[PDB]
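In what follows, a single structure is set out as structure tokens and then discussed.
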Amino acid sequence: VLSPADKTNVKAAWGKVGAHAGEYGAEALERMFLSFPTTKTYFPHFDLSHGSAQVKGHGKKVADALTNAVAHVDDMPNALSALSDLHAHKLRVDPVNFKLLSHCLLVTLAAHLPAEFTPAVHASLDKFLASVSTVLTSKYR
Amino acid sequence: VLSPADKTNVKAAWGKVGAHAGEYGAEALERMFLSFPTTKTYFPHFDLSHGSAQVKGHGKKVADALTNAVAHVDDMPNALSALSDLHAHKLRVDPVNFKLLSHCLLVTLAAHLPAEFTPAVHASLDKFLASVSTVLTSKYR
Amino acid sequence: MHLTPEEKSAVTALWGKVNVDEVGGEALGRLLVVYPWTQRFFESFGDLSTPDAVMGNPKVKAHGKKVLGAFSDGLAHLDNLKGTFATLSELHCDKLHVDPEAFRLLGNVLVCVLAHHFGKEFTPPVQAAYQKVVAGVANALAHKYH
Amino acid sequence: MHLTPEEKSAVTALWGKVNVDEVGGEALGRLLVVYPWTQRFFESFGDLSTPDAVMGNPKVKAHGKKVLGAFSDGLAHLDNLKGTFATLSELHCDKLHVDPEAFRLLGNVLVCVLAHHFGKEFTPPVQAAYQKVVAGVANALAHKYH
Ligand code: HEM
Ligand code: HEM
Ligand code: HEM
Ligand code: HEM
């Protein structure tokens with residue numbers, strides 16, 4: 001459960017991301033595809049090449065949704081209902097995969113928000129991605 | 001989330017366990033020690049030998065808690081709060097090990113309730129164990 | 001694959017008693033039922049809406065038998081699983097796009113299936129041999145992913 | 001390892017730029033903070049009640065340096081991590097009772113620290129290669145558990 005300190009930390013950190021969230025979404029995907037090649041099984045229809053517009057676009061989409069989650073950090077389940085739906089009944093991504101993207105997201109943030117990526121902020125962001133993961137896979141069965 | 005169906009399933013299969021819960025608890029442990037030896041790192045103080053009384057004693061405690069969770073299927077977070085606190089604060093069992101135990105519990109039940117261990121019940125028991133594990137791990141960070 | 005001679009004999013002795021047709025059908029059906037997300041690979045199999053629709057689906061039964069057939073063959077080459085499974089590994093990756101985690105779920109389900117069928121015969125130690133085996137097979141099937 | 005000459009060179013080259021002192025202290029402390037349950041192994045270190053208390057704790061810092069040191073030496077035996085960590089694997093199992101999963105958590109913490117430190121320099125391709133090493137090291141260390 002996200003503590004008030006956590007919620008603050010997250011809103012701060014994400015606050016800093018700003019106009020770059022789209023780029024960071026894209027970068028996180030790229031790192032995921034390269035580090036955990038099994039994740040590519042879910043994107044056969046994409047051009048997974050570096051700088052692919054499909055990848056960029058998807059990067060934006062994910063980032064945006066994260067944004068929306070930080071904004072409704074208090075009501076995630078409700079804010080992401082549709083997305084939890086899509087994933088459980090359409091996409092059907094295996095839950096193990098959520099942890100890989102989460103990790104690539106930390107790495108990307110760390111590499112971009114040096115000053116802001118403190119030990120306390122790191123812990124919070126992780127918890128947050130974990131909560132987001134739980135929400136997205138809650139209606140799986 | 002557990003559905004009415006799931007609930008009926010669990011109560012029924014656990015219903016059948018009856019007085020063997022204890023023995024089935026001990027057997028799930030041995031199964032786990034044998035198949036996933038890394039779990040043993042948490043019981044350095046135990047005699048893990050076949051028919052160890054420590055294991056017997058422990059299997060009963062575990063079975064009692066599960067039995068307690070079934071009894072309070074509509075209020076597990078509260079029925080297990082204390083055990084949740086213990087695991088989070090003292091034991092500090094890495095989360096991954098819950099899945100290992102859950103797995104060995106399923107094998108144990110499968111091995112003992114052939115008539116009841118139907119696909120439907122199997123699915124329900126798996127969701128159940130997952131739920132218990134989530135509760136026991138909820139206060140970890 | 002750290003199968004001691006005694007673990008290997010145990011895998012093999014039990015495997016002698018298995019009806020791969022039957023077990024294949026059960027393991028695969030059960031997988032689609034416990035982890036419904038895995039149904040994403042079989043949208044052409046028809047009706048998988050309920051446990052009976054899945055367990056009884058003629059297509060699931062036939063596919064299960066195929067899968068376990070391949071697995072059985074693997075059991076005769078415990079020495080060279082990666083070699084044994086290489087073309088299949090490539091197919092699953094490149095053509096089927098099957099997330100390998102699915103191979104681990106099936107292994108666990110299969111272990112529950114063997115427990116269900118053999119009861120007491122599926123001892124703690126027999127389970128541990130089979131645990132090594134399903135893991136080795138899943139690993140072999142994921143070896144060619146890229 | 002299943003490291004490409006190119007992957008080997010990438011690992012090797014960034015490492016050359018690492019301050020093990022600083023990176024070791026930070027990786028271990030971050031671990032203790034992100035995954036609080038890993039503190040069960042360092043009771044004797046003191047007050048790890050807060051990020052600041054962990055990050056400031058000298059015992060943590062010094063243990064961190066020892067861990068990264070051994071890690072550092074393993075990068076010289078990338079073609080035999082198994083043999084490089086054999087004695088360390090037994091120790092961790094038989095004396096320390098450390099769950100191998102912690103090896104995995106640290107690994108990912110390490111990658112986060114590296115990214116943190118190197119920014120731009122720590123590219124997707126460089127991270128990919130590092131992910132293979134941390135995974136490799138963790139396997140090596142868990143290898144002798146029984
Ligand atoms: C951090 C958790 C995640 C979030 C917030 C997220 C968010 C999204 C969003 C916003 C969409 C687009 C919906 C639309 O098109 O309207 C999407 C689609 C998709 N996601 Fe998830 N995702 C997450 C995790 C994952 C993971 C880990 C995978 C696979 C490894 C994945 C696989 C997919 C796929 C394949 C699509 C559809 C792609 C397409 O055809 O455009 N997602 N996700
Ligand atoms: C759903 C799964 C689990 C349940 C229901 C459960 C329940 C319990 C209970 C009832 C106790 C005894 C507390 C007391 O002294 O009153 C206990 C203790 C303990 N459990 Fe858990 N537990 C679970 C999972 C795990 C796992 C996966 C591990 C590690 C592999 C673990 C490790 C321990 C340890 C080390 C103790 C202390 C035993 C002793 O020193 O006597 N538990 N657990
Ligand atoms: C023990 C692990 C497995 C083995 C030995 C195995 C073996 C096979 C074999 C022999 C085939 C037929 C190859 C061909 O069409 O040329 C096949 C096809 C297939 N397998 Fe696997 N399989 C395994 C696991 C899985 C799992 C766990 C899934 C998905 C959850 C899966 C999904 C598929 C699909 C979708 C096909 C093609 C079916 C079709 O004809 O439409 N396999 N597998
Ligand atoms: C990169 C992976 C790791 C490496 C290379 C490593 C290496 C080492 C080394 C070289 C020692 C020195 C002890 C001696 O020689 O007597 C040590 C001790 C120890 N390690 Fe590990 N370690 C690793 C991961 C971990 C993790 C993740 C933990 C727990 C979170 C851990 C817990 C310990 C403990 C508790 C000690 C004993 C220190 C003492 O005596 O106070 N290790 N490790």
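Residues in the structure tokens are numbered from 1 in each chain, the chains being A, B, ... in the order shown, and ligands are numbered from 1 in the order shown.
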
Within 9 Å of ligand 3, counting only C-alpha atoms and all ligand atoms, which protein or nucleic acid residues do you find, written as a ChimeraX atom specification?
-> /C:28,31-32,37-45,63-64,66-74,85,88-89,91-92,95-107,134,137-138,141

Quick one: write out the picked residues with N, CA and C atoms as a compact mmCIF listing (two decimals), in the first residue's frame?
```
# COMPACT_ATOMS: atom_id res chain seq x y z
N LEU C 28 -3.06 -29.91 -20.73
CA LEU C 28 -3.37 -28.77 -21.57
C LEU C 28 -4.72 -28.15 -21.23
N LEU C 31 -4.48 -26.20 -18.04
CA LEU C 31 -3.69 -24.98 -18.16
C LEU C 31 -4.60 -23.85 -18.63
N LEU C 32 -5.45 -24.14 -19.61
CA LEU C 32 -6.33 -23.11 -20.18
C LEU C 32 -7.40 -22.63 -19.22
N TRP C 37 -5.36 -16.82 -19.34
CA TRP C 37 -4.66 -15.90 -20.26
C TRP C 37 -3.92 -16.68 -21.37
N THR C 38 -3.57 -17.90 -21.08
CA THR C 38 -2.88 -18.80 -21.99
C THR C 38 -3.75 -19.20 -23.18
N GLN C 39 -5.04 -18.91 -23.07
CA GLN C 39 -6.03 -19.20 -24.11
C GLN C 39 -5.79 -18.28 -25.31
N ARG C 40 -4.92 -17.30 -25.11
CA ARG C 40 -4.64 -16.34 -26.18
C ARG C 40 -4.03 -17.00 -27.40
N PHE C 41 -3.46 -18.16 -27.22
CA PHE C 41 -2.79 -18.86 -28.33
C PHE C 41 -3.70 -19.77 -29.12
N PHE C 42 -4.89 -20.04 -28.62
CA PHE C 42 -5.83 -20.98 -29.23
C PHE C 42 -7.16 -20.38 -29.59
N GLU C 43 -7.18 -19.23 -30.25
CA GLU C 43 -8.50 -18.63 -30.55
C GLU C 43 -9.27 -19.35 -31.64
N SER C 44 -8.61 -20.28 -32.31
CA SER C 44 -9.23 -21.03 -33.42
C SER C 44 -9.76 -22.38 -32.98
N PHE C 45 -9.62 -22.68 -31.71
CA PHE C 45 -10.00 -23.95 -31.10
C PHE C 45 -11.47 -23.99 -30.73
N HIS C 63 -4.47 -31.53 -29.33
CA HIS C 63 -3.25 -30.70 -29.20
C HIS C 63 -2.46 -31.17 -27.99
N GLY C 64 -3.17 -31.44 -26.89
CA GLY C 64 -2.52 -31.91 -25.68
C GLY C 64 -1.66 -33.15 -25.91
N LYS C 66 -0.36 -34.18 -28.71
CA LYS C 66 0.73 -33.73 -29.59
C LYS C 66 1.84 -33.20 -28.70
N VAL C 67 1.49 -32.23 -27.88
CA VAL C 67 2.42 -31.62 -26.90
C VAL C 67 3.07 -32.69 -26.03
N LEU C 68 2.31 -33.58 -25.42
CA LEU C 68 2.88 -34.57 -24.51
C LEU C 68 3.72 -35.59 -25.28
N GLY C 69 3.36 -35.74 -26.54
CA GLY C 69 4.07 -36.68 -27.44
C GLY C 69 5.52 -36.17 -27.58
N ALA C 70 5.60 -34.88 -27.86
CA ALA C 70 6.88 -34.19 -28.01
C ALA C 70 7.64 -34.29 -26.70
N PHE C 71 6.93 -34.08 -25.60
CA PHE C 71 7.52 -34.16 -24.25
C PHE C 71 8.05 -35.56 -23.98
N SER C 72 7.24 -36.56 -24.33
CA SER C 72 7.64 -37.94 -24.12
C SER C 72 8.98 -38.22 -24.79
N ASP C 73 9.09 -37.74 -26.00
CA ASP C 73 10.31 -37.95 -26.81
C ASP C 73 11.51 -37.32 -26.11
N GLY C 74 11.23 -36.19 -25.49
CA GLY C 74 12.23 -35.41 -24.73
C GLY C 74 12.78 -36.27 -23.60
N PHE C 85 15.05 -30.33 -28.46
CA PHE C 85 14.01 -29.32 -28.68
C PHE C 85 14.31 -28.15 -29.54
N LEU C 88 11.74 -26.98 -32.43
CA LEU C 88 10.45 -26.62 -31.74
C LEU C 88 10.60 -25.26 -31.05
N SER C 89 11.76 -25.08 -30.40
CA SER C 89 12.07 -23.81 -29.75
C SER C 89 11.94 -22.69 -30.76
N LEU C 91 10.36 -22.65 -33.63
CA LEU C 91 8.99 -22.55 -34.12
C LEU C 91 8.12 -21.73 -33.15
N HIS C 92 8.19 -22.09 -31.89
CA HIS C 92 7.42 -21.38 -30.83
C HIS C 92 7.72 -19.91 -30.79
N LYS C 95 7.45 -18.50 -35.06
CA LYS C 95 6.15 -18.63 -35.77
C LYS C 95 4.96 -18.45 -34.86
N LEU C 96 5.01 -19.11 -33.72
CA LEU C 96 3.90 -19.10 -32.80
C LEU C 96 3.89 -17.88 -31.88
N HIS C 97 5.04 -17.32 -31.56
CA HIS C 97 5.22 -16.19 -30.64
C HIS C 97 4.68 -16.51 -29.25
N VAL C 98 5.03 -17.66 -28.74
CA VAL C 98 4.57 -18.17 -27.45
C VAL C 98 5.52 -17.73 -26.35
N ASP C 99 4.98 -16.92 -25.43
CA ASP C 99 5.80 -16.48 -24.29
C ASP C 99 6.19 -17.75 -23.51
N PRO C 100 7.49 -17.94 -23.30
CA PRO C 100 8.08 -19.08 -22.60
C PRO C 100 7.62 -19.37 -21.20
N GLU C 101 7.13 -18.34 -20.53
CA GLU C 101 6.57 -18.49 -19.18
C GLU C 101 5.46 -19.55 -19.23
N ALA C 102 4.80 -19.63 -20.38
CA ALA C 102 3.73 -20.61 -20.63
C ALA C 102 4.25 -22.02 -20.49
N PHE C 103 5.50 -22.23 -20.90
CA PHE C 103 6.16 -23.54 -20.74
C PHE C 103 6.32 -23.86 -19.26
N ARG C 104 6.57 -22.86 -18.41
CA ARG C 104 6.73 -23.18 -16.96
C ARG C 104 5.40 -23.47 -16.28
N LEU C 105 4.37 -22.73 -16.67
CA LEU C 105 3.01 -22.97 -16.13
C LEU C 105 2.57 -24.38 -16.47
N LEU C 106 2.75 -24.76 -17.75
CA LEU C 106 2.38 -26.12 -18.17
C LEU C 106 3.10 -27.18 -17.36
N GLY C 107 4.38 -26.96 -17.06
CA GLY C 107 5.17 -27.93 -16.27
C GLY C 107 4.57 -28.19 -14.90
N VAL C 134 10.62 -30.91 -15.76
CA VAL C 134 9.79 -29.91 -16.44
C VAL C 134 10.55 -28.62 -16.66
N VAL C 137 12.96 -29.01 -19.56
CA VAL C 137 12.22 -28.97 -20.85
C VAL C 137 11.81 -27.54 -21.20
N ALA C 138 11.32 -26.80 -20.20
CA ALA C 138 10.90 -25.40 -20.44
C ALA C 138 12.10 -24.58 -20.90
N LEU C 141 13.01 -25.44 -24.36
CA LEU C 141 12.07 -24.83 -25.33
C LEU C 141 12.26 -23.34 -25.49
```

Pick out the residues no farther than 8 Å from ligand 2, counting only C-alpha atoms and all ligand atoms, and list them as an MDAnalysis selection string.
-> chainID B and resid 39:43 45:46 54 58 61:66 83 86:87 91 93:102 129 132:133 136

Based on the selection just made, write C-alpha atoms of those residues as an mmCIF file, in the first residue's frame.
```cif
data_model
loop_
_atom_site.group_PDB
_atom_site.id
_atom_site.type_symbol
_atom_site.label_atom_id
_atom_site.label_comp_id
_atom_site.auth_asym_id
_atom_site.auth_seq_id
_atom_site.Cartn_x
_atom_site.Cartn_y
_atom_site.Cartn_z
ATOM 1 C CA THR B 39 13.421 -22.582 0.829
ATOM 2 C CA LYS B 40 15.444 -24.439 3.415
ATOM 3 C CA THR B 41 17.464 -21.302 4.143
ATOM 4 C CA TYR B 42 14.567 -20.136 6.344
ATOM 5 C CA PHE B 43 14.694 -23.211 8.604
ATOM 6 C CA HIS B 45 17.107 -24.264 13.108
ATOM 7 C CA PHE B 46 14.958 -27.178 11.969
ATOM 8 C CA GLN B 54 9.599 -29.934 13.977
ATOM 9 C CA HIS B 58 5.106 -26.683 11.638
ATOM 10 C CA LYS B 61 0.481 -24.545 12.314
ATOM 11 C CA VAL B 62 0.383 -23.774 8.578
ATOM 12 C CA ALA B 63 -2.679 -25.956 8.026
ATOM 13 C CA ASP B 64 -4.441 -24.286 10.996
ATOM 14 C CA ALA B 65 -3.863 -20.878 9.416
ATOM 15 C CA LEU B 66 -5.259 -21.990 6.070
ATOM 16 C CA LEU B 83 0.442 -13.633 10.530
ATOM 17 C CA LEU B 86 4.912 -11.631 11.647
ATOM 18 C CA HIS B 87 6.033 -12.485 8.133
ATOM 19 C CA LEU B 91 10.377 -13.788 9.382
ATOM 20 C CA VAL B 93 10.406 -14.528 3.875
ATOM 21 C CA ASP B 94 11.116 -13.309 0.311
ATOM 22 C CA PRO B 95 7.833 -13.079 -1.550
ATOM 23 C CA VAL B 96 8.839 -15.591 -4.206
ATOM 24 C CA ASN B 97 8.776 -18.468 -1.729
ATOM 25 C CA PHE B 98 4.963 -18.264 -1.220
ATOM 26 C CA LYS B 99 4.344 -19.403 -4.760
ATOM 27 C CA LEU B 100 6.604 -22.423 -4.122
ATOM 28 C CA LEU B 101 4.656 -23.488 -1.065
ATOM 29 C CA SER B 102 1.325 -22.808 -2.711
ATOM 30 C CA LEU B 129 -3.515 -19.741 -2.245
ATOM 31 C CA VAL B 132 -3.501 -15.950 1.153
ATOM 32 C CA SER B 133 0.051 -15.248 -0.069
ATOM 33 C CA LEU B 136 0.790 -12.526 4.140
#
```

Least-squares superpose chain D on chain C across all ordered C-alpha pairs, then write out what you get as an mmCIF file with C-alpha atoms, in the first residue's frame.
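The new file out15.cif reads:
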```
data_model
loop_
_atom_site.group_PDB
_atom_site.id
_atom_site.type_symbol
_atom_site.label_atom_id
_atom_site.label_comp_id
_atom_site.auth_asym_id
_atom_site.auth_seq_id
_atom_site.Cartn_x
_atom_site.Cartn_y
_atom_site.Cartn_z
ATOM 1 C CA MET D 1 20.169 -32.846 -17.022
ATOM 2 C CA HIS D 2 21.451 -32.592 -13.469
ATOM 3 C CA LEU D 3 19.625 -35.801 -12.874
ATOM 4 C CA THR D 4 20.933 -38.411 -10.485
ATOM 5 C CA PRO D 5 20.852 -41.968 -11.813
ATOM 6 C CA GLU D 6 18.294 -42.492 -9.060
ATOM 7 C CA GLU D 7 16.327 -39.432 -10.201
ATOM 8 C CA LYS D 8 16.517 -40.601 -13.808
ATOM 9 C CA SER D 9 15.137 -44.006 -12.885
ATOM 10 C CA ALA D 10 12.271 -42.491 -10.890
ATOM 11 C CA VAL D 11 11.246 -40.277 -13.780
ATOM 12 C CA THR D 12 11.524 -43.058 -16.313
ATOM 13 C CA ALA D 13 9.628 -45.632 -14.292
ATOM 14 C CA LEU D 14 6.519 -43.534 -13.540
ATOM 15 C CA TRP D 15 6.409 -42.348 -17.112
ATOM 16 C CA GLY D 16 6.143 -45.947 -18.223
ATOM 17 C CA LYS D 17 2.772 -45.962 -16.470
ATOM 18 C CA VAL D 18 1.480 -42.829 -18.208
ATOM 19 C CA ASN D 19 -1.359 -42.691 -20.710
ATOM 20 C CA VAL D 20 -0.083 -39.713 -22.779
ATOM 21 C CA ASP D 21 -3.490 -39.404 -24.440
ATOM 22 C CA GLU D 22 -5.339 -38.733 -21.216
ATOM 23 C CA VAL D 23 -2.518 -36.880 -19.428
ATOM 24 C CA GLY D 24 -1.815 -34.614 -22.424
ATOM 25 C CA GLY D 25 -5.497 -33.657 -22.865
ATOM 26 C CA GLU D 26 -5.948 -32.916 -19.144
ATOM 27 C CA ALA D 27 -2.672 -30.976 -18.641
ATOM 28 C CA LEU D 28 -3.394 -28.679 -21.555
ATOM 29 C CA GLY D 29 -7.053 -28.205 -20.621
ATOM 30 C CA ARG D 30 -6.196 -27.572 -16.970
ATOM 31 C CA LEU D 31 -3.724 -24.970 -18.159
ATOM 32 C CA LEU D 32 -6.408 -23.211 -20.212
ATOM 33 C CA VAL D 33 -8.696 -23.179 -17.154
ATOM 34 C CA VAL D 34 -6.318 -22.283 -14.274
ATOM 35 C CA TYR D 35 -4.493 -19.627 -16.291
ATOM 36 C CA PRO D 36 -7.133 -18.352 -18.697
ATOM 37 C CA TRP D 37 -4.715 -15.961 -20.431
ATOM 38 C CA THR D 38 -2.985 -18.924 -22.143
ATOM 39 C CA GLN D 39 -6.107 -19.246 -24.304
ATOM 40 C CA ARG D 40 -4.865 -16.340 -26.371
ATOM 41 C CA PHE D 41 -2.919 -18.876 -28.425
ATOM 42 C CA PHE D 42 -5.837 -21.202 -29.256
ATOM 43 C CA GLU D 43 -8.452 -18.842 -30.639
ATOM 44 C CA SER D 44 -9.323 -21.253 -33.415
ATOM 45 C CA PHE D 45 -10.100 -24.151 -31.063
ATOM 46 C CA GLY D 46 -13.526 -22.730 -30.296
ATOM 47 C CA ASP D 47 -15.519 -22.397 -27.092
ATOM 48 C CA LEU D 48 -13.260 -22.421 -24.047
ATOM 49 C CA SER D 49 -15.899 -20.385 -22.211
ATOM 50 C CA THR D 50 -16.107 -22.940 -19.454
ATOM 51 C CA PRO D 51 -14.019 -25.624 -17.760
ATOM 52 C CA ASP D 52 -16.390 -28.167 -19.307
ATOM 53 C CA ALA D 53 -16.100 -26.540 -22.745
ATOM 54 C CA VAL D 54 -12.301 -26.665 -22.497
ATOM 55 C CA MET D 55 -12.078 -30.114 -20.965
ATOM 56 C CA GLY D 56 -14.542 -31.378 -23.580
ATOM 57 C CA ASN D 57 -12.979 -29.561 -26.536
ATOM 58 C CA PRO D 58 -11.493 -32.184 -28.840
ATOM 59 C CA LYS D 59 -9.035 -29.747 -30.450
ATOM 60 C CA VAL D 60 -7.636 -29.092 -26.989
ATOM 61 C CA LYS D 61 -7.439 -32.793 -26.247
ATOM 62 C CA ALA D 62 -5.700 -33.540 -29.533
ATOM 63 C CA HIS D 63 -3.248 -30.646 -29.165
ATOM 64 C CA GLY D 64 -2.541 -31.948 -25.662
ATOM 65 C CA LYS D 65 -1.612 -35.368 -27.001
ATOM 66 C CA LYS D 66 0.778 -33.774 -29.515
ATOM 67 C CA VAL D 67 2.454 -31.682 -26.842
ATOM 68 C CA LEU D 68 2.911 -34.610 -24.377
ATOM 69 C CA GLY D 69 4.081 -36.761 -27.271
ATOM 70 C CA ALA D 70 6.989 -34.420 -28.007
ATOM 71 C CA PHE D 71 7.546 -34.155 -24.238
ATOM 72 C CA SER D 72 7.602 -37.944 -24.013
ATOM 73 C CA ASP D 73 10.313 -38.175 -26.729
ATOM 74 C CA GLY D 74 12.417 -35.547 -24.874
ATOM 75 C CA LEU D 75 12.635 -37.949 -21.897
ATOM 76 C CA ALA D 76 14.763 -40.130 -24.146
ATOM 77 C CA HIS D 77 17.209 -37.262 -24.574
ATOM 78 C CA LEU D 78 17.363 -36.073 -20.979
ATOM 79 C CA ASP D 79 21.100 -35.512 -21.459
ATOM 80 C CA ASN D 80 20.539 -33.111 -24.320
ATOM 81 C CA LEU D 81 17.135 -31.443 -24.092
ATOM 82 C CA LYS D 82 18.696 -28.413 -25.775
ATOM 83 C CA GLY D 83 19.450 -30.324 -28.984
ATOM 84 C CA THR D 84 16.212 -32.280 -28.729
ATOM 85 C CA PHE D 85 14.058 -29.108 -28.700
ATOM 86 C CA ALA D 86 16.118 -26.768 -30.891
ATOM 87 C CA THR D 87 13.779 -26.794 -33.915
ATOM 88 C CA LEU D 88 10.741 -26.699 -31.636
ATOM 89 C CA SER D 89 12.298 -23.713 -29.783
ATOM 90 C CA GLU D 90 12.679 -21.752 -33.017
ATOM 91 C CA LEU D 91 9.140 -22.635 -34.102
ATOM 92 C CA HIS D 92 7.598 -21.492 -30.850
ATOM 93 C CA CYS D 93 9.551 -18.260 -31.074
ATOM 94 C CA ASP D 94 9.513 -17.409 -34.760
ATOM 95 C CA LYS D 95 6.156 -18.813 -35.841
ATOM 96 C CA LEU D 96 3.951 -19.222 -32.794
ATOM 97 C CA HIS D 97 5.019 -16.203 -30.641
ATOM 98 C CA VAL D 98 4.405 -18.204 -27.484
ATOM 99 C CA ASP D 99 5.849 -16.556 -24.335
ATOM 100 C CA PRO D 100 8.237 -19.064 -22.671
ATOM 101 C CA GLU D 101 6.523 -18.483 -19.304
ATOM 102 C CA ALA D 102 3.641 -20.614 -20.580
ATOM 103 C CA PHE D 103 6.166 -23.533 -20.754
ATOM 104 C CA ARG D 104 6.623 -23.010 -17.042
ATOM 105 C CA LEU D 105 2.911 -22.866 -16.229
ATOM 106 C CA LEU D 106 2.327 -26.072 -18.179
ATOM 107 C CA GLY D 107 5.160 -27.795 -16.334
ATOM 108 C CA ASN D 108 3.559 -27.143 -12.963
ATOM 109 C CA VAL D 109 0.167 -28.094 -14.384
ATOM 110 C CA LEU D 110 1.776 -31.399 -15.528
ATOM 111 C CA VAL D 111 3.090 -32.144 -12.006
ATOM 112 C CA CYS D 112 -0.399 -31.503 -10.558
ATOM 113 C CA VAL D 113 -1.894 -33.883 -13.142
ATOM 114 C CA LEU D 114 0.696 -36.579 -12.291
ATOM 115 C CA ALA D 115 0.012 -36.235 -8.565
ATOM 116 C CA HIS D 116 -3.691 -36.310 -9.348
ATOM 117 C CA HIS D 117 -3.368 -39.531 -11.255
ATOM 118 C CA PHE D 118 -0.762 -41.395 -9.204
ATOM 119 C CA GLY D 119 -1.714 -40.402 -5.646
ATOM 120 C CA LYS D 120 0.567 -42.214 -3.237
ATOM 121 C CA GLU D 121 2.983 -43.191 -6.030
ATOM 122 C CA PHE D 122 3.833 -39.552 -6.677
ATOM 123 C CA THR D 123 6.099 -39.000 -3.663
ATOM 124 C CA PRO D 124 8.080 -35.913 -2.630
ATOM 125 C CA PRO D 125 11.297 -37.430 -4.038
ATOM 126 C CA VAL D 126 9.469 -38.404 -7.241
ATOM 127 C CA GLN D 127 7.968 -34.894 -7.555
ATOM 128 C CA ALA D 128 11.438 -33.341 -6.940
ATOM 129 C CA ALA D 129 12.867 -35.219 -9.938
ATOM 130 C CA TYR D 130 9.865 -34.279 -12.093
ATOM 131 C CA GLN D 131 10.287 -30.613 -11.142
ATOM 132 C CA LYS D 132 13.824 -30.781 -12.524
ATOM 133 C CA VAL D 133 12.563 -32.254 -15.821
ATOM 134 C CA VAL D 134 9.732 -29.761 -16.395
ATOM 135 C CA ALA D 135 12.146 -26.951 -15.536
ATOM 136 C CA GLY D 136 14.682 -28.542 -17.873
ATOM 137 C CA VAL D 137 12.162 -28.887 -20.699
ATOM 138 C CA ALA D 138 10.927 -25.290 -20.406
ATOM 139 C CA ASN D 139 14.538 -24.007 -20.560
ATOM 140 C CA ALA D 140 15.227 -26.190 -23.550
ATOM 141 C CA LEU D 141 12.197 -24.849 -25.394
ATOM 142 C CA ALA D 142 12.960 -21.205 -24.541
ATOM 143 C CA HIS D 143 16.621 -21.610 -25.449
ATOM 144 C CA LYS D 144 16.351 -20.372 -29.065
ATOM 145 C CA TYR D 145 14.288 -17.222 -28.356
ATOM 146 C CA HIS D 146 15.849 -14.016 -29.656
#
```

Nearby residues (only C-alpha atoms) at most 12 Å from residue B:67, same-chain spacing under 6 positions excluded, as a PyMOL selection string | chain B and resi 10-22+24-25+60-61+73+76+79-80+128-129+132

Chain D contacts on chain A, only C-alpha atoms, 12 Å, as JSON, numbers by chain = {"A": [6, 26, 27, 28, 29, 30, 31, 32, 33, 34, 35, 36, 37, 50, 99, 100, 102, 103, 104, 105, 106, 107, 108, 109, 110, 111, 112, 113, 114, 115, 116, 117, 118, 119, 120, 121, 122, 123, 124, 125, 126, 127, 128, 130]}

Check chain A with DSSP on the backbone and list each residue it calls helix (DSSP H, G or I), as an NGL selection string.
-> :A and (4-35 or 37-42 or 53-71 or 76-79 or 81-91 or 95-112 or 119-136)

Please identify every residue of chain B that has at least one atom no more than 8 Å from any atom of chain A, counting only C-alpha atoms, and report them as a list in words.
->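 Filtering chain B at 8 Å from chain A with only C-alpha atoms gives residues 1, 138, 139 and 141 of chain B.
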
May I ask for the distance between atom CA of residue A:68 and atom 8 (C, counted along the ligand's line) of ligand 1, given in Å to one decimal place?
->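 That distance, rounded to one decimal, is 11.6 Å.
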